[PDB]
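Colleague:
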Amino acid sequence: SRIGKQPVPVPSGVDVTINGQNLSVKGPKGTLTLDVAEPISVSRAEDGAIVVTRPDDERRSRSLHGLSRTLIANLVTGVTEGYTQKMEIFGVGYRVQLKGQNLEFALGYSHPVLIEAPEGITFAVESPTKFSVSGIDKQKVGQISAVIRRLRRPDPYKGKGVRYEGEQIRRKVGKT
Amino acid sequence: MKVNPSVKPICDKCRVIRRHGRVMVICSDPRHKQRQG
Amino acid sequence: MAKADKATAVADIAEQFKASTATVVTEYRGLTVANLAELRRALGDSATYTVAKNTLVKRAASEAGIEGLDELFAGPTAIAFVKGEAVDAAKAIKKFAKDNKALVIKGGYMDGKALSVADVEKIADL
Amino acid sequence: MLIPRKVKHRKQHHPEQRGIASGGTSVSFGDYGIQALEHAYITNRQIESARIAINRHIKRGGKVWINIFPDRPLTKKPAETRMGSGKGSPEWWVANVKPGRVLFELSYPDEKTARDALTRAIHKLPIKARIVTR
Amino acid sequence: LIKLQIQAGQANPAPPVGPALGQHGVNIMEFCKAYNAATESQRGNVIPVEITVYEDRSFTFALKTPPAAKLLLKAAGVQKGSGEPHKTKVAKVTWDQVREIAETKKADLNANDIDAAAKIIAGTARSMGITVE
Amino acid sequence: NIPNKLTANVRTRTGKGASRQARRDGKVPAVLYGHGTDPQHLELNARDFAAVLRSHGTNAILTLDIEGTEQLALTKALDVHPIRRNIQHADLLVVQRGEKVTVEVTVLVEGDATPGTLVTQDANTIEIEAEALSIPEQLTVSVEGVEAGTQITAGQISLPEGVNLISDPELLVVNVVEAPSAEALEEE
Amino acid sequence: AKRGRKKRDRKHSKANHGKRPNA
RNA sequence: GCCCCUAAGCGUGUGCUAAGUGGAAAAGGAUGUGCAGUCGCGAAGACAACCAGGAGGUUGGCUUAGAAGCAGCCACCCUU
RNA sequence: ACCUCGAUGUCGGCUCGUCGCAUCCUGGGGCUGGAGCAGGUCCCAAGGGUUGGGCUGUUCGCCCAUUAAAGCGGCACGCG
Ligand SMILES: [Mg+2]
Ligand SMILES: [Mg+2]
Ligand SMILES: [Mg+2]
Ligand SMILES: [Mg+2]
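Here it is, written out as structure tokens:
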């Protein structure tokens with residue numbers, strides 16, 4: 012509600028095409044599509060911005076308004092700037108490397124693990140223990156980051172594992 | 283993950299949400315994770 | 011704000027005026043949040059700075075013999091008052107006007123004699 | 064545990080529980096009282112448990128009034144005997160409580176604390192009840 | 073940053089300041105000498121050091137004023153305070169001694185004049201279970 | 002000491018049946034017997050009556066507009082309900098426009114005794130006599146610095162001008178006693 | 357147990373007026 | 001009783017139901033939802049969000065190898 | 001004591017199985033006063049397995065070797 016009632020500032024170099032409930036956006040980073048909820052109506056204001064409107068104030072519409080608004084906001088923001096999640100590793104003997112387009116991690120396992128970069132996403136590395144994923148779909152980027160994080164079991168006694176950029180995990184202490 | 287018919291917040295910054303079909307409480311302290319059942 | 015806040019702020023400013031050697035009023039409307047650091051952070055230690063609404067300064071200024079400042083409350087009011095020596099605070103407020111060119115000066119009060127923008131400058135330099 | 068010092072009749076006929084409490088409805092001594100809503104017997108064991116819980120939750124101060132005293136006896140037949148014999152001996156004492164009657168009252172000054180104590184007490188009773196203020 | 077009430081004539085007390093500041097990485101050898109050379113002048117008044125941590129692990133102990141709570145002990149003559157406030161007394165203190173301790177504590181208390189400087193110690197004595205006469 | 006206005010319509014049918022029928026729609030019956038006068042069965046709004054009560058109730062005075070006929074009455078009892086809290090039936094008596102009346106009034110303690118002491122209000126009501134409008138809605142008793150066992154009776158309460166106490170002056174209204182210890186609490 | 361529970365609960369139906377034989 | 005079996009209405013006006021509750025059940029737990037009755041605040045800019053602060057006496061004594069604001073009781077204060 | 005005394009043969013052991021998980025293991029997950037092995041607690045999970053002997057009719061129980069296991073119950077305290 013408080014968010015859905017606000018407009019969506021569309022940048023200059025963006026082409027927004029509304030087709031009923033469906034919507035598509037084209038920008039420098041790529042092209043994305045989306046489908047808005049049926050009880051909500053999307054409209055392109057005279058200033059190019061996008062606005063979602065609800066005909067009633069029921070719980071369904073009140074919950075879907077801000078959801079769809081933030082969805083279209085992230086959609087239009089990705090094509091222009093894209094999302095990038097940086098991650099770092101901690102623990103002696105842990106290493107990560109970029110092989111072609113996939114990633115290879117060695118985190119103490121008897122064998123190394125491989126993660127194949129799916130479509131619409133890319134990986135990069137700045138240090139043997141510091142890498143970063145990039146993409147357009149925030150959902151896909153977050154899913155890939157969560158997978159790379161849960162790769163290893165969460166070890167609080169020593170923090171050995173994967174961590175996000177500004178991650179702050181709890182740490183216990185072993186007296187012996 | 284305590285599983286009892288009754289659940290209440292033991293932490294200080296806890297929210298009680300309603301999941302798919304069960305209630306839950308959320309706080310950083312993993313010892314306070316409770317589910318109704 | 012709440013009525014409890016309105017009632018506690020007036021008492022706070024009364025305590026400020028009764029425990030401080032002097033107080034200078036300025037206009038702080040026009041600054042963002044990021045300024046408040048280079049603001050209070052380095053001033054609240056030795057000096058002190060407070061801000062409130064106009065409706066509270068009228069009730070707070072009716073305690074001491076500063077009735078002459080009734081007509082000097084035009085616009086928002088932000089009060090500054092030192093805990094020790096006032097010459098440093100006076101010099102700071104005087105140089106801030108020429109550094110920012112946005113803090114309008116109106117005057118102050120000394121020994122019950124209200125000073126204007128020209129009278130306060132005769133003592134700010136000494 | 065409370066118990067009558069002496070009774071005129073050793074055995075009774077299960078005093079009926081019905082109607083609405085005629086007397087002892089409004090709090091008189093304390094400031095915050097517990098008023099029941101379901102008619103059912105209350106045992107001296109439950110009364111003592113609630114009293115101990117209240118005394119433990121309220122330390123170094125406060126006072127508690129108990130407007131109910133267990134005086135109605137209730138027998139318990141032999142362990143595994145057959146049906147038909149002299150009525151068993153009284154085995155536990157209860158007090159017929161009707162809805163609307165206050166059972167316990169508190170004088171602890173801090174509201175929140177008195178309410179929490181009354182909650183911990185009612186949680187020890189076998190019937191539903193609520194809190195009332197003077 | 074932390075301020076403890078460590079005795080003046082004593083040197084290297086482990087319980088109070090053993091792991092308090094030593095764990096932060098500040099040495100104690102030169103600290104003992106710097107404390108003794110400054111406390112040998114008085115030899116009769118406790119001095120609380122305001123431990124100020126630094127980035128380069130340096131240390132410049134702040135020679136603050138003595139503590140009012142402990143100076144109340146010397147004013148009353150007994151080292152162990154009372155057990156209950158406004159219920160028991162230990163001894164009587166003189167207004168001249170109160171003004172003297174206030175003057176010595178001028179550089180620590182938030183007071184402005186001798187009146188408030190002594191009234192703060194009077195309130196401390198009230199909270200501890202002692203009154204000024 | 003300002004009368005509170007309220008409307009009321011003469012009831013056309015009495016009995017438990019009519020009473021329940023009126024209560025179902027948010028109304029309350031009442032009687033206006035008065036002083037040796039012909040009683041009148043009236044019906045008032047439950048919400049308005051409850052509002053007036055929670056505002057200045059507990060024997061408050063009232064003004065009845067019975068078909069345009071003004072009357073000044075005073076309440077004698079409520080008897081809301083054993084379980085619930087609703088005005089099931091009220092009773093009113095005409096005040097004769099200034100006649101001296103005796104009625105119960107609620108007392109309240111406002112103060113703070115010594116730290117190691119607890120206060121107990123043994124009686125909440127006091128029999129006070131006064132005019133129709135001068136009837137005080139509440140009485141206040143203060144406590145400060147008193148020691149244990151300082152029994153404050155009804156006679157020690159300060160009453161406004163024109164007010165009188167009908168109950169004997171020996172009624173112990175407030176009793177302060179040393180803070181009961183854990184042993185005193187567990188030996189009850 | 358369940359058999360008797362169901363036999364007693366099926367009496368609550370609004371088609372028999374809340375009465376049935378053998379409880 | 002009126003959708004099929006199963007003869008009769010997939011009858012009409014206003015509301016509730018997301019759980020197949022309808023088509024078993026308790027103590028207790030619970031930011032589910034609709035109505036009405038109250039109270040705090042709120043364009044004098046309400047709450048969340050954001051940002052700066054969050055001391056001196058003092059480590060209040062008692063208690064303690066030990067309470068410093070945060071195992072325990074007492075009161076629960078003055079300055080800025 | 002509601003059918004059953006003009007008959008429903010009662011406990012163990014052998015053969016034979018069937019079904020539930022309030023799960024002994026195998027499988028997965030949460031919290032641990034989980035440094036690791038080895039443990040404690042909870043949730044889901046019955047596809048599979050759940051030994052051979054001495055005492056005593058025995059059920060049960062103790063003991064000897066092991067075993068990831070030597071599980072709890074219903075089926076007329078299963079099966080004449
Ligand atoms: Mg036959
Ligand atoms: Mg299971
Ligand atoms: Mg299978
Ligand atoms: Mg054998």
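Residue numbers (the working numbering), protein chains in the order written: chain A, 12 to 187; chain B, 283 to 319; chain C, 11 to 136; chain D, 64 to 197; chain E, 73 to 205; chain F, 2 to 189; chain G, 357 to 379.
Even for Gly, the Cβ is constructed at its ideal location relative to N, Cα and C.
#1: Helix, strand or coil for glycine 119(A), going by three-state DSSP, please let me know.
#2: Output needed in chain order: residues of the region 127–138 of chain D with a Cβ under 9 Å from some Cβ in chain F.
#3: Pull up the CB-CB distance for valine 195(D) and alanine 99(D), whole angstroms please, since I reckon it's below 8 Å.
#4: Run down chain F in chain order and give the residues with a C-beta less than 8 Å from the C-beta of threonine 88(D).
#5: Check whether the region 87–102 of chain C touches the region 21–31 of chain C, counting contact only when three or more Cβ pairs, one atom from each stretch, lie closer than 8 Å.
#6: I want to see whether chain F comes within less than 8 Å of residue 52(D), judged by CB atoms only; does it?
#7: Please say whether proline 133(D) and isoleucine 185(D) have beta carbons closer to each other than 8 Å?
#8: At a Cβ cut of 8 Å, what residues of the region 56–81 of chain F count as close to chain D, listed as they run along the chain?
#9: When the distance is taken between beta carbons, is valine 107(A) closer than 8 Å to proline 66(A)?
#10: When the distance is taken between beta carbons, is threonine 76(F) closer than 8 Å to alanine 52(F)?
#11: Along the chain, where does the alpha helix (DSSP H) containing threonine 111(E) start, and where does it finish?
#12: Using C-beta distances below 8 Å, list every residue in its chain close to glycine 155(E), excluding the 5 sequence neighbours before and after it, in chain order.
#13: By the three-class DSSP mapping on this structure, what secondary structure does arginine 174(A) have?
#14: Counting only C-beta atoms, is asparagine 107(D) closer than 8 Å to chain F at any point?
#15: Assuming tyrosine 94(A) contacts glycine 146(A) under a Cβ cut-off of 8 Å, what Cβ separation, rounded to an integer in Å, is found between them?
#16: Nearest to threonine 126(F) by CA position, among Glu79(D), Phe167(D), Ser148(D), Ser91(D), is which residue?
#17: I want to verify the contact list: residues of chain D whose CB lies under 8 Å from the CB of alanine 180(F), in sequence order.
#18: Please name the residue or residues paired with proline 50(A) in a DSSP beta bridge.
#19: Does the beta-carbon of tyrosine 168(A) have 16 or more other beta-carbons within 10 angstroms, so that it is buried, or is it exposed?
#20: Check whether the Cβ atoms of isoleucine 115(C) and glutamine 26(C) lie closer than 8 Å to each other.
#21: From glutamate 111(D) to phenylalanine 167(D), what does the alpha carbon distance come to, in whole angstroms?
#22: Would you mind reading off the limits of the alpha helix (DSSP H) that contains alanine 174(E)?
#23: Span of the beta strand (DSSP E) holding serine 143(A)?
#24: Name the chain D residues whose beta carbon is nearer than 8 Å to that of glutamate 148(F)?
#25: With distance defined between alpha-carbon atoms, name the residue in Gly102(A), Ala48(A), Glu137(A) nearest to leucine 82(A).
#26: The beta strand (DSSP E) with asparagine 286(B) in it runs from where to where?
#27: Using a cut-off of 9 Å between C-beta atoms, extract the partners of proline 162(D) located in chain F.
#28: Can you list the residues of chain D that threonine 121(F) reaches, using a CB-CB cut of under 8 Å?
#29: Taking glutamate 138(F) as the reference, give the member of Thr118(F), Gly58(F), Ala74(F) with the closest Cα.
#30: Count the CB pairs spanning the region 8–16 of chain F and the region 33–53 of chain F that are closer than 8 Å, and state whether there are at least three.
#31: Please compile the residues from chain D whose C-beta is within a distance smaller than 7 Å of the C-beta of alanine 183(F).
#32: What residues from chain D crowd round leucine 186(F), counting only those whose CB sits closer than 7 Å?
#33: Under a CB-based cut-off of 8 Å, is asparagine 10(F) close to chain D?
#34: In the DSSP output, which residue or residues are listed as bridge partners for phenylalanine 167(D)?
Modeller: Quick answer:
#1: The residue labelled residue 119(A) in the question sits at position 108 within the first sequence. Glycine 119(A) falls in the coil class under three-state DSSP.
#2: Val127, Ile129
#3: The residue you call residue 195(D) lines up with position 132 of the fourth sequence. The residue you call residue 99(D) lines up with position 36 of the fourth sequence. Going by Cβ atoms, the distance from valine 195(D) to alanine 99(D) rounds to 11 Å, so no, they are not a contact pair.
#4: Within the fourth sequence, the letter at position 25 stands for residue 88(D). Here the neighbours are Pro83.
#5: yes
#6: The question about residue 52(D) has no answer, for chain D in this structure spans 64 to 197.
#7: Working through the fourth sequence from its first residue, we reach residue 185(D) at position 122. Working through the fourth sequence from its first residue, we reach residue 133(D) at position 70. Cβ atoms of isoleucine 185(D) and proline 133(D): not closer than 8 Å.
#8: none
#9: For the purposes of this step, residue 66(A) is taken as the residue at position 55 of the first sequence. For the purposes of this step, residue 107(A) is taken as the residue at position 96 of the first sequence. In this structure, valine 107(A) does not lie closer than 8 Å to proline 66(A) by Cβ.
#10: Counted from its first residue, the sixth sequence places residue 52(F) at position 51. Counted from its first residue, the sixth sequence places residue 76(F) at position 75. Not in contact: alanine 52(F) and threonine 76(F) (Cβ atoms no closer than 8 Å).
#11: Taking the first residue of the fifth sequence as 1, we reach residue 111(E) at position 39. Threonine 111(E) -> alpha helix (DSSP H) spans 101–111.
#12: On the fifth sequence, residue 155(E) is found 83 positions in, with the first residue counted as 1. Cβ within range, chain order: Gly201.
#13: In the first sequence, counting from the first residue as 1, residue 174(A) sits at position 163. Strand, per DSSP.
#14: Residue 107(D) sits at position 44 when you count from the first residue of the fourth sequence. Not an interface residue.
#15: Counting from 1 along the first sequence, the entry for residue 94(A) is found at position 83. Counting from 1 along the first sequence, the entry for residue 146(A) is found at position 135. Rounded, the Cβ-Cβ distance is 6 Å, consistent with contact.
#16: If you number the sixth sequence from 1, residue 126(F) lands on position 125. Of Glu79(D), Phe167(D), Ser148(D), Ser91(D), the residue nearest in Cα terms is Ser91(D).
#17: By 1-based counting over the sixth sequence, the position of residue 180(F) is 179. Those are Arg123, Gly124, listed as they occur along chain D.
#18: As a position in the first sequence, residue 50(A) is number 39, starting the count at 1. Partner(s): none; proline 50(A) has no beta bridge.
#19: Start at 1 with the first residue of the first sequence, and residue 168(A) comes out as number 157. The residue is exposed, with fewer than 16 neighbouring Cβ atoms inside 10 Å.
#20: Counting from 1 along the third sequence, the entry for residue 115(C) is found at position 105. Counting from 1 along the third sequence, the entry for residue 26(C) is found at position 16. Cβ atoms of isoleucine 115(C) and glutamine 26(C): not closer than 8 Å.
#21: Stepping through the fourth sequence from its first residue, residue 111(D) is reached at position 48. Stepping through the fourth sequence from its first residue, residue 167(D) is reached at position 104. The straight-line gap from Cα to Cα measures roughly 12 Å.
#22: In the fifth sequence, residue 174(E) corresponds to position 102, counting from 1. Looking at the DSSP string, the run of the alpha helix (DSSP H) that includes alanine 174(E) is 167–176.
#23: Stepping through the first sequence from its first residue, residue 143(A) is reached at position 132. 141–146 is the span of the beta strand (DSSP E), which, as asked, contains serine 143(A).
#24: By 1-based counting over the sixth sequence, the position of residue 148(F) is 147. Within chain D, no residue comes near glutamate 148(F); the closest Cβ sits about 17 Å away, beyond 8 Å.
#25: Sequence index remark: in the first sequence, residue 82(A) carries index 71 (1-based). Closest by alpha carbon: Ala48(A).
#26: What you label residue 286(B) is simply residue 4 of the second sequence in a count that begins at 1. 284–286 is the span of the beta strand (DSSP E), which, as asked, contains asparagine 286(B).
#27: Here the question's residue 162(D) lines up with position 99 in the fourth sequence. Near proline 162(D) (Cβ distances below 9 Å), the residues of chain F are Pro83, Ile84.
#28: Start at 1 with the first residue of the sixth sequence, and residue 121(F) comes out as number 120. Chain D residues near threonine 121(F): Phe92, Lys126, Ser170.
#29: For the purposes of this step, residue 138(F) is identified with residue 137 of the sixth sequence, where counting begins at 1. Nearest option by C-alpha distance: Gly58(F).
#30: yes
#31: For the purposes of this step, residue 183(F) is taken as the residue at position 182 of the sixth sequence. The answer, in chain order, is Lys122, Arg123.
#32: Position 185 of the sixth sequence, counted from the first residue, corresponds to residue 186(F). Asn118, listed in chain order.
#33: Within the sixth sequence, numbered from 1, the residue matching residue 10(F) stands at position 9. Not an interface residue.
#34: If you number the fourth sequence from 1, residue 167(D) lands on position 104. DSSP lists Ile97(D), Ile129(D) as partners of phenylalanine 167(D).
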